[PDB]
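structure.cif, holding mmCIF, N, CA and C atoms:
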```cif
data_run
#
loop_
_atom_site.label_atom_id
_atom_site.label_comp_id
_atom_site.auth_asym_id
_atom_site.auth_seq_id
_atom_site.Cartn_x
_atom_site.Cartn_y
_atom_site.Cartn_z
N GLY D 1 149.82 -32.31 -24.07
CA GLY D 1 148.39 -32.26 -24.45
C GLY D 1 147.63 -31.30 -23.55
N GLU D 2 147.07 -30.23 -24.12
CA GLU D 2 146.44 -29.12 -23.38
C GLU D 2 144.92 -28.98 -23.64
N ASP D 3 144.31 -29.95 -24.31
CA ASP D 3 142.86 -30.02 -24.58
C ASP D 3 142.01 -29.97 -23.29
N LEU D 4 140.91 -29.20 -23.32
CA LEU D 4 139.93 -29.11 -22.23
C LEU D 4 139.22 -30.45 -21.96
N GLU D 5 138.91 -30.72 -20.69
CA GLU D 5 138.11 -31.88 -20.26
C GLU D 5 136.67 -31.89 -20.84
N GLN D 6 136.08 -33.09 -20.94
CA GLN D 6 134.71 -33.33 -21.45
C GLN D 6 133.76 -33.84 -20.34
N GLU D 7 134.04 -33.45 -19.10
CA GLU D 7 133.41 -33.90 -17.85
C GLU D 7 133.61 -32.85 -16.74
N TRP D 8 133.12 -33.14 -15.53
CA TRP D 8 133.24 -32.28 -14.34
C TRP D 8 133.19 -33.12 -13.05
N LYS D 9 133.35 -32.49 -11.88
CA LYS D 9 133.24 -33.16 -10.57
C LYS D 9 131.81 -33.07 -10.00
N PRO D 10 131.04 -34.18 -9.96
CA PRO D 10 129.66 -34.18 -9.45
C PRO D 10 129.55 -33.91 -7.93
N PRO D 11 128.34 -33.52 -7.46
CA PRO D 11 128.04 -33.25 -6.05
C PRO D 11 128.17 -34.47 -5.12
N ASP D 12 128.22 -34.18 -3.82
CA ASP D 12 128.14 -35.15 -2.72
C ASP D 12 126.73 -35.73 -2.55
N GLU D 13 126.65 -36.92 -1.96
CA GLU D 13 125.41 -37.66 -1.66
C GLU D 13 124.32 -36.79 -1.00
N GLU D 14 124.67 -35.99 0.01
CA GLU D 14 123.72 -35.12 0.72
C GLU D 14 123.17 -33.98 -0.14
N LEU D 15 124.01 -33.34 -0.96
CA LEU D 15 123.56 -32.35 -1.94
C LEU D 15 122.57 -32.98 -2.93
N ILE D 16 122.90 -34.17 -3.44
CA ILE D 16 122.05 -34.97 -4.34
C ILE D 16 120.65 -35.20 -3.75
N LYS D 17 120.53 -35.62 -2.48
CA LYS D 17 119.24 -35.83 -1.79
C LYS D 17 118.34 -34.59 -1.84
N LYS D 18 118.89 -33.42 -1.52
CA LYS D 18 118.20 -32.12 -1.61
C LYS D 18 117.82 -31.78 -3.06
N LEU D 19 118.78 -31.85 -3.98
CA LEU D 19 118.61 -31.55 -5.40
C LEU D 19 117.51 -32.40 -6.05
N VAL D 20 117.63 -33.74 -6.01
CA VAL D 20 116.61 -34.68 -6.50
C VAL D 20 115.25 -34.47 -5.84
N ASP D 21 115.20 -34.18 -4.54
CA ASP D 21 113.94 -33.96 -3.81
C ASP D 21 113.16 -32.73 -4.32
N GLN D 22 113.87 -31.65 -4.69
CA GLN D 22 113.26 -30.53 -5.40
C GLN D 22 112.70 -30.96 -6.76
N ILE D 23 113.52 -31.55 -7.63
CA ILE D 23 113.11 -31.85 -9.01
C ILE D 23 111.95 -32.87 -9.04
N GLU D 24 111.94 -33.80 -8.09
CA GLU D 24 110.87 -34.76 -7.82
C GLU D 24 109.52 -34.06 -7.60
N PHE D 25 109.41 -33.17 -6.61
CA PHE D 25 108.17 -32.43 -6.37
C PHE D 25 107.83 -31.44 -7.50
N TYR D 26 108.83 -30.94 -8.24
CA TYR D 26 108.60 -30.04 -9.37
C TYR D 26 107.73 -30.66 -10.47
N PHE D 27 107.85 -31.97 -10.73
CA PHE D 27 106.96 -32.69 -11.64
C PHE D 27 105.67 -33.24 -10.99
N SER D 28 105.53 -33.19 -9.66
CA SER D 28 104.29 -33.57 -8.97
C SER D 28 103.15 -32.60 -9.27
N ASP D 29 101.92 -33.12 -9.30
CA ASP D 29 100.69 -32.38 -9.59
C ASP D 29 100.52 -31.14 -8.68
N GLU D 30 100.98 -31.25 -7.42
CA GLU D 30 100.92 -30.18 -6.41
C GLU D 30 101.78 -28.95 -6.76
N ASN D 31 102.92 -29.12 -7.43
CA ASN D 31 103.67 -28.00 -8.01
C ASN D 31 103.00 -27.49 -9.29
N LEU D 32 102.58 -28.40 -10.18
CA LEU D 32 101.97 -28.04 -11.47
C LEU D 32 100.71 -27.15 -11.31
N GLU D 33 99.94 -27.34 -10.24
CA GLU D 33 98.78 -26.50 -9.91
C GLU D 33 99.12 -25.02 -9.68
N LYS D 34 100.31 -24.72 -9.11
CA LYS D 34 100.78 -23.36 -8.79
C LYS D 34 101.82 -22.78 -9.77
N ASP D 35 102.59 -23.62 -10.46
CA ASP D 35 103.61 -23.23 -11.45
C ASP D 35 103.15 -23.59 -12.87
N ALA D 36 102.27 -22.73 -13.41
CA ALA D 36 101.70 -22.84 -14.75
C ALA D 36 102.78 -22.79 -15.85
N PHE D 37 103.87 -22.05 -15.60
CA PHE D 37 105.08 -22.03 -16.42
C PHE D 37 105.70 -23.42 -16.62
N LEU D 38 106.02 -24.13 -15.52
CA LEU D 38 106.62 -25.47 -15.59
C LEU D 38 105.63 -26.49 -16.17
N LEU D 39 104.37 -26.40 -15.76
CA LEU D 39 103.23 -27.13 -16.33
C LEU D 39 103.18 -27.00 -17.86
N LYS D 40 103.38 -25.80 -18.42
CA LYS D 40 103.44 -25.59 -19.87
C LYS D 40 104.54 -26.41 -20.53
N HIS D 41 105.79 -26.35 -20.05
CA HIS D 41 106.91 -27.11 -20.63
C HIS D 41 106.72 -28.63 -20.57
N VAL D 42 106.29 -29.17 -19.42
CA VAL D 42 106.00 -30.61 -19.28
C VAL D 42 104.84 -31.06 -20.18
N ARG D 43 103.77 -30.25 -20.31
CA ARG D 43 102.66 -30.48 -21.25
C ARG D 43 103.05 -30.31 -22.73
N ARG D 44 104.06 -29.48 -23.03
CA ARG D 44 104.56 -29.20 -24.40
C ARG D 44 105.10 -30.44 -25.10
N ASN D 45 105.68 -31.36 -24.32
CA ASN D 45 106.40 -32.52 -24.83
C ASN D 45 105.54 -33.79 -24.87
N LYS D 46 105.86 -34.63 -25.85
CA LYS D 46 105.29 -35.99 -25.98
C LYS D 46 105.61 -36.91 -24.80
N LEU D 47 106.81 -36.77 -24.22
CA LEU D 47 107.32 -37.58 -23.10
C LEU D 47 107.36 -36.80 -21.77
N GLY D 48 107.46 -35.47 -21.84
CA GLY D 48 107.43 -34.55 -20.68
C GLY D 48 108.74 -33.82 -20.36
N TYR D 49 109.72 -33.81 -21.27
CA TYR D 49 111.06 -33.29 -21.02
C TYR D 49 111.12 -31.78 -20.74
N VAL D 50 111.97 -31.41 -19.78
CA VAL D 50 112.29 -30.02 -19.40
C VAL D 50 113.79 -29.87 -19.17
N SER D 51 114.37 -28.82 -19.75
CA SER D 51 115.81 -28.49 -19.72
C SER D 51 116.38 -28.31 -18.31
N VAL D 52 117.53 -28.94 -18.04
CA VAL D 52 118.13 -28.97 -16.69
C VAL D 52 118.70 -27.61 -16.26
N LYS D 53 119.11 -26.75 -17.21
CA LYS D 53 119.55 -25.36 -16.93
C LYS D 53 118.44 -24.49 -16.33
N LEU D 54 117.18 -24.79 -16.67
CA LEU D 54 116.00 -24.16 -16.06
C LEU D 54 115.71 -24.77 -14.69
N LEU D 55 115.67 -26.11 -14.61
CA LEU D 55 115.35 -26.84 -13.38
C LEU D 55 116.33 -26.53 -12.24
N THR D 56 117.63 -26.42 -12.54
CA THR D 56 118.66 -26.02 -11.57
C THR D 56 118.48 -24.58 -11.08
N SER D 57 117.85 -23.71 -11.88
CA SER D 57 117.67 -22.29 -11.56
C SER D 57 116.29 -21.98 -10.94
N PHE D 58 115.56 -23.01 -10.47
CA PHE D 58 114.27 -22.86 -9.79
C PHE D 58 114.40 -22.21 -8.42
N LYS D 59 113.27 -21.73 -7.90
CA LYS D 59 113.15 -20.81 -6.76
C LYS D 59 113.70 -21.40 -5.45
N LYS D 60 113.53 -22.71 -5.26
CA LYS D 60 114.20 -23.50 -4.21
C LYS D 60 115.60 -23.95 -4.62
N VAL D 61 115.75 -24.49 -5.83
CA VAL D 61 117.00 -25.15 -6.27
C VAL D 61 118.19 -24.21 -6.25
N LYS D 62 117.98 -22.93 -6.61
CA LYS D 62 118.98 -21.86 -6.54
C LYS D 62 119.64 -21.70 -5.16
N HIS D 63 118.96 -22.06 -4.07
CA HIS D 63 119.56 -22.03 -2.74
C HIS D 63 120.72 -23.05 -2.59
N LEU D 64 120.65 -24.17 -3.32
CA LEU D 64 121.64 -25.25 -3.35
C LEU D 64 122.63 -25.09 -4.52
N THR D 65 122.10 -24.98 -5.75
CA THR D 65 122.83 -25.20 -7.02
C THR D 65 122.28 -24.30 -8.14
N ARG D 66 123.13 -23.86 -9.08
CA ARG D 66 122.78 -23.16 -10.34
C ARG D 66 123.64 -23.70 -11.49
N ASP D 67 123.60 -25.01 -11.68
CA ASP D 67 124.43 -25.76 -12.62
C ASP D 67 123.72 -27.02 -13.12
N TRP D 68 123.52 -27.06 -14.44
CA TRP D 68 122.86 -28.16 -15.12
C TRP D 68 123.60 -29.49 -14.91
N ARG D 69 124.94 -29.49 -14.90
CA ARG D 69 125.77 -30.70 -14.69
C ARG D 69 125.53 -31.27 -13.29
N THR D 70 125.60 -30.40 -12.29
CA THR D 70 125.43 -30.78 -10.88
C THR D 70 124.03 -31.37 -10.64
N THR D 71 123.00 -30.79 -11.25
CA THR D 71 121.64 -31.36 -11.24
C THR D 71 121.52 -32.63 -12.09
N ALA D 72 122.20 -32.72 -13.24
CA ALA D 72 122.24 -33.88 -14.13
C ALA D 72 122.73 -35.15 -13.42
N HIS D 73 123.78 -35.06 -12.60
CA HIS D 73 124.17 -36.17 -11.73
C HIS D 73 123.03 -36.65 -10.82
N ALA D 74 122.30 -35.73 -10.18
CA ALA D 74 121.18 -36.04 -9.29
C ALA D 74 120.00 -36.73 -10.01
N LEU D 75 119.80 -36.48 -11.32
CA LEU D 75 118.78 -37.16 -12.14
C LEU D 75 118.95 -38.69 -12.17
N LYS D 76 120.18 -39.18 -12.03
CA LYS D 76 120.50 -40.62 -11.94
C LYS D 76 119.90 -41.30 -10.70
N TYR D 77 119.69 -40.53 -9.63
CA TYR D 77 119.17 -41.00 -8.34
C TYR D 77 117.64 -40.85 -8.23
N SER D 78 117.00 -40.12 -9.17
CA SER D 78 115.54 -40.03 -9.31
C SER D 78 114.87 -41.41 -9.34
N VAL D 79 113.77 -41.52 -8.59
CA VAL D 79 112.92 -42.73 -8.49
C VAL D 79 111.57 -42.59 -9.22
N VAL D 80 111.26 -41.39 -9.73
CA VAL D 80 110.01 -41.03 -10.44
C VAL D 80 110.24 -40.25 -11.74
N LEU D 81 111.49 -39.92 -12.07
CA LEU D 81 111.88 -39.16 -13.26
C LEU D 81 112.96 -39.89 -14.07
N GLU D 82 113.14 -39.49 -15.33
CA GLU D 82 114.10 -40.07 -16.28
C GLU D 82 114.86 -38.97 -17.04
N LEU D 83 116.20 -38.95 -16.91
CA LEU D 83 117.09 -38.13 -17.75
C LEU D 83 117.04 -38.50 -19.25
N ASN D 84 117.47 -37.57 -20.11
CA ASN D 84 117.65 -37.81 -21.55
C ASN D 84 119.08 -38.30 -21.90
N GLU D 85 119.39 -38.44 -23.20
CA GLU D 85 120.59 -39.11 -23.72
C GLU D 85 121.93 -38.57 -23.17
N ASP D 86 122.09 -37.25 -23.08
CA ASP D 86 123.29 -36.57 -22.56
C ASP D 86 123.04 -35.87 -21.21
N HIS D 87 121.90 -36.17 -20.56
CA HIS D 87 121.50 -35.69 -19.23
C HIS D 87 121.14 -34.18 -19.20
N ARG D 88 120.82 -33.60 -20.36
CA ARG D 88 120.48 -32.18 -20.59
C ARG D 88 119.01 -31.83 -20.31
N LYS D 89 118.14 -32.83 -20.26
CA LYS D 89 116.70 -32.73 -19.96
C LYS D 89 116.26 -33.90 -19.07
N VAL D 90 115.13 -33.75 -18.37
CA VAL D 90 114.46 -34.80 -17.59
C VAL D 90 112.95 -34.74 -17.77
N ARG D 91 112.30 -35.91 -17.77
CA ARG D 91 110.84 -36.09 -17.83
C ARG D 91 110.33 -36.95 -16.68
N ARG D 92 109.10 -36.71 -16.23
CA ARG D 92 108.40 -37.56 -15.24
C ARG D 92 108.08 -38.93 -15.86
N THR D 93 108.32 -40.02 -15.14
CA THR D 93 108.07 -41.40 -15.62
C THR D 93 106.63 -41.63 -16.08
N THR D 94 105.66 -40.97 -15.44
CA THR D 94 104.25 -40.92 -15.87
C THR D 94 103.92 -39.62 -16.62
N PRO D 95 103.05 -39.68 -17.64
CA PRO D 95 102.43 -38.48 -18.20
C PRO D 95 101.69 -37.71 -17.09
N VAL D 96 101.87 -36.39 -17.02
CA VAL D 96 101.22 -35.55 -16.01
C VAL D 96 99.76 -35.32 -16.40
N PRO D 97 98.80 -35.45 -15.47
CA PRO D 97 97.38 -35.28 -15.77
C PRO D 97 97.09 -33.87 -16.27
N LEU D 98 96.15 -33.75 -17.22
CA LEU D 98 95.68 -32.46 -17.70
C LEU D 98 95.06 -31.60 -16.57
N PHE D 99 95.25 -30.29 -16.70
CA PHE D 99 94.77 -29.24 -15.78
C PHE D 99 93.65 -28.41 -16.43
N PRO D 100 92.83 -27.68 -15.65
CA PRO D 100 91.73 -26.86 -16.18
C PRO D 100 92.17 -25.84 -17.23
N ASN D 101 93.37 -25.28 -17.08
CA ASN D 101 93.98 -24.33 -18.01
C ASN D 101 94.31 -24.96 -19.38
N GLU D 102 94.54 -26.28 -19.43
CA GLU D 102 94.83 -27.04 -20.66
C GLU D 102 93.56 -27.36 -21.48
N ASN D 103 92.39 -27.35 -20.83
CA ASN D 103 91.10 -27.63 -21.47
C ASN D 103 90.60 -26.49 -22.40
N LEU D 104 91.14 -25.28 -22.25
CA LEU D 104 90.81 -24.12 -23.10
C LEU D 104 91.14 -24.36 -24.59
N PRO D 105 90.32 -23.86 -25.54
CA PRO D 105 90.52 -24.07 -26.98
C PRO D 105 91.40 -22.99 -27.66
N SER D 106 91.84 -21.97 -26.91
CA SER D 106 92.70 -20.86 -27.37
C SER D 106 94.16 -21.27 -27.63
#
```

Starting from the file, lay out its structure as structure tokens.
Amino acid sequence: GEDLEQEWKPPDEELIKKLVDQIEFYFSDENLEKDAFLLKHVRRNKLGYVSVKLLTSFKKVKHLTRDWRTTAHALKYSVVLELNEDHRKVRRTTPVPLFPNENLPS
């Protein structure tokens, strides 16, 4: 039997702490004020979901990891965020408050 695997080897506990700590602050209001791009995607959704292939490739996260699977494992350890059905997206447990840029009628 030569069929490819349907899984991978997840990160160590210490990598997870760094990885989750980035994604945690990425959904905080203090990041949303400066990252209008990420603010758009979280505001786009009814629940707040953002793709893990983007989140893993963020300006800090790239120093640690550039892999949606490796970040997807770390979503399980989140205390303020929730993964989706196959761990391909994550949303903040609370709806993110509206920003001045969202009040525009354009």

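If you apply the PyMOL selection byres ((chain D and resi 73-85) around 7) to this structure, you end up with residues 10, 11, 16, 17, 19, 20, 24, 68, 69, 70, 71, 72, 86, 87, 88, 89, 90, 91, 92, 93 and 94 of chain D.
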
Given the PyMOL selection byres (((chain D and resi 37 and name CA) around 12) and name CA), the residues it picks as a compact mmCIF listing (two decimals) with N, CA and C atoms, keeping the file's coordinate frame:
```txt
# COMPACT_ATOMS: atom_id res chain seq x y z
N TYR D 26 108.83 -30.94 -8.24
CA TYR D 26 108.60 -30.04 -9.37
C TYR D 26 107.73 -30.66 -10.47
N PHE D 27 107.85 -31.97 -10.73
CA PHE D 27 106.96 -32.69 -11.64
C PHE D 27 105.67 -33.24 -10.99
N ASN D 31 102.92 -29.12 -7.43
CA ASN D 31 103.67 -28.00 -8.01
C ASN D 31 103.00 -27.49 -9.29
N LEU D 32 102.58 -28.40 -10.18
CA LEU D 32 101.97 -28.04 -11.47
C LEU D 32 100.71 -27.15 -11.31
N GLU D 33 99.94 -27.34 -10.24
CA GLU D 33 98.78 -26.50 -9.91
C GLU D 33 99.12 -25.02 -9.68
N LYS D 34 100.31 -24.72 -9.11
CA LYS D 34 100.78 -23.36 -8.79
C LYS D 34 101.82 -22.78 -9.77
N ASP D 35 102.59 -23.62 -10.46
CA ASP D 35 103.61 -23.23 -11.45
C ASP D 35 103.15 -23.59 -12.87
N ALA D 36 102.27 -22.73 -13.41
CA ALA D 36 101.70 -22.84 -14.75
C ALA D 36 102.78 -22.79 -15.85
N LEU D 38 106.02 -24.13 -15.52
CA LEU D 38 106.62 -25.47 -15.59
C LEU D 38 105.63 -26.49 -16.17
N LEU D 39 104.37 -26.40 -15.76
CA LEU D 39 103.23 -27.13 -16.33
C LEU D 39 103.18 -27.00 -17.86
N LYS D 40 103.38 -25.80 -18.42
CA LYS D 40 103.44 -25.59 -19.87
C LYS D 40 104.54 -26.41 -20.53
N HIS D 41 105.79 -26.35 -20.05
CA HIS D 41 106.91 -27.11 -20.63
C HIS D 41 106.72 -28.63 -20.57
N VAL D 42 106.29 -29.17 -19.42
CA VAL D 42 106.00 -30.61 -19.28
C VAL D 42 104.84 -31.06 -20.18
N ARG D 43 103.77 -30.25 -20.31
CA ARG D 43 102.66 -30.48 -21.25
C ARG D 43 103.05 -30.31 -22.73
N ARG D 44 104.06 -29.48 -23.03
CA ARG D 44 104.56 -29.20 -24.40
C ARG D 44 105.10 -30.44 -25.10
N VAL D 50 111.97 -31.41 -19.78
CA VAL D 50 112.29 -30.02 -19.40
C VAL D 50 113.79 -29.87 -19.17
N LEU D 54 117.18 -24.79 -16.67
CA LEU D 54 116.00 -24.16 -16.06
C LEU D 54 115.71 -24.77 -14.69
N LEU D 55 115.67 -26.11 -14.61
CA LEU D 55 115.35 -26.84 -13.38
C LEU D 55 116.33 -26.53 -12.24
N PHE D 58 115.56 -23.01 -10.47
CA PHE D 58 114.27 -22.86 -9.79
C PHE D 58 114.40 -22.21 -8.42
N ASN D 101 93.37 -25.28 -17.08
CA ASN D 101 93.98 -24.33 -18.01
C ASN D 101 94.31 -24.96 -19.38
```

Show me, as JSON, the centre and edge lengths in Å to one decimal of the axis-aligned box that covers every listed atom of segment 74-84 of chain D with 3 Å on each side.
```
{"center_x": 116.2, "center_y": -39.2, "center_z": -15.1, "size_x": 18.3, "size_y": 13.0, "size_z": 19.7}
```

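Interatomic distance, atom N of residue 9 of chain D to atom N of residue 23 of chain D: 20.3 Å.
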
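Considering only segment 6-106 of chain D, backbone DSSP assigns strand (DSSP E or B) to residues 50, 51, 81, 82, 83, 89, 90, 91 and 92 of chain D.
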
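Nearest-residue note for residue 22 of chain D: choosing from D:52, D:4, D:61, D:47, the minimum distance belongs to D:61, counting all atoms listed in the file.
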